[PDB]
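A short worksheet on the structure shown next.
Cβ sites come from the backbone with ideal geometry, for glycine too, and all protein chains shown count toward neighbours. No lab work stands behind these numbers, since they all come straight from the coordinates.
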Amino acid sequence: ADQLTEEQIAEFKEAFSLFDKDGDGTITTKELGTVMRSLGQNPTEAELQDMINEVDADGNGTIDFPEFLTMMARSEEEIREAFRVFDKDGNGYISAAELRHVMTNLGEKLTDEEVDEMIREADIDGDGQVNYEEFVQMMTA
Ligand SMILES: CN1CCN(CCCN2c3ccccc3Sc3ccc(C(F)(F)F)cc32)CC1
Ligand SMILES: [Ca+2]
Ligand SMILES: [Ca+2]
Ligand SMILES: [Ca+2]
Ligand SMILES: [Ca+2]
């Protein structure tokens, strides 16, 4: 086996209450759409239904933490689009100022001490920024 330590079970819950803006425990389409339009994507009502049913195991309309937790654990294009969300200034790297805005507006509010923690973790070469390859590896898996 490879794993899923209790470091990630606490992080995916964070990623969890980011879509689940009201507590509830489930993430509805209104929530999925509200985070999307906030990430540069205005999707519709059926693209949203089509996304929550292909990830919601007990087909109950919503997505609770088990489902959210199974999906996020054991391809591309999409990443290129994702690399662009942060790289607002389209220059080939995502700095700590870029990571951070995207979150805020996303709702998150981290200190000046968690964005470096974040970049540092996914920053291979050592310069303090995140380039296209470092973003693909990080996410390939
Ligand atoms: C192999 N490998 C192991 C670990 N990482 C860390 C990924 C860091 N990451 C990040 C980095 C740069 C730009 C954006 C992002 S999104 C993000 C969100 C949460 C976390 C969070 F919550 F964990 F901090 C880490 C990341 C990348 C690749
Ligand atoms: Ca909710
Ligand atoms: Ca469900
Ligand atoms: Ca940039
Ligand atoms: Ca780097």
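What distance in nm lies between label points placed 7 Å from Cα along the C-beta direction at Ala82 and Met138?
Output for this residue pair reads 1.0 nm.
Counting other Cβ atoms within 10 Å, which trypsin sites (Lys or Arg not before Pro) in segment 80-128 have at most 16 and lie in a DSSP loop?
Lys88, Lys109
What GluC sites (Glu not before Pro) does segment 76-141 have in DSSP loop regions with at most 10 other beta carbons within 10 Å?
Counting only loop positions with at most 10 other Cβ atoms within 10 Å, the GluC sites (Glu not before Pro) in segment 76-141 are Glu76, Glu77, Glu113.
Taking every Cα atom in the chain, find the radius of gyration and the maximum pairwise distance Dmax, and write them in Å.
In Å, with Rg to one decimal and Dmax whole: 15.8, 46.
Would you kindly derive the ³J(HN,Hα) couplings of segment 123-131 from the backbone phi angles with the Karplus curve 6.51 cos²θ - 1.76 cosθ + 1.60 (θ = phi - 60°), listing them in order in whole Hz, with x for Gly and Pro?
Going residue by residue, I get 9, 6, 3, x, 7, x, 8, 10, 9 Hz, with x marking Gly and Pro.
Given the -39500 (n - 2.57) contribution per DSSP H run of 4+ residues, what per-residue ellipticity at 222 nm results for the chain, rounded to the nearest 500 deg cm²/dmol?
-14000 deg cm²/dmol
Quick one: check the C-alpha center-to-center distance for segment 92-141 versus segment 16-53, whole angstrom.
23
Report the FRET efficiency, 1/(1 + (r/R0)^6), for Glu6 and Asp58, where r is their Cβ-Cβ distance and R0 is 22 Å, rounded to 0.05.
Once rounded, the FRET efficiency stands at 0.35.
Could you tell me the convex hull volume per residue, in Å³, taken over the Cα atoms of segment 73-140?
Roughly 105 Å³ of hull volume per residue.
Spin-label point model (7 Å from Cα, Cβ direction): what's the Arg74 to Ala46 distance in nm?
3.8
Quick one: if the Förster radius is 25 Å, what FRET efficiency do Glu113 and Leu39 give, using the C-beta to C-beta distance and rounding to 0.05? Intermediate results must be reported in sequence, preceding the final value.
Numbers: r = 24 Å, r/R0 = 0.96.
Once the sixth-power term is evaluated, E becomes 0.55.
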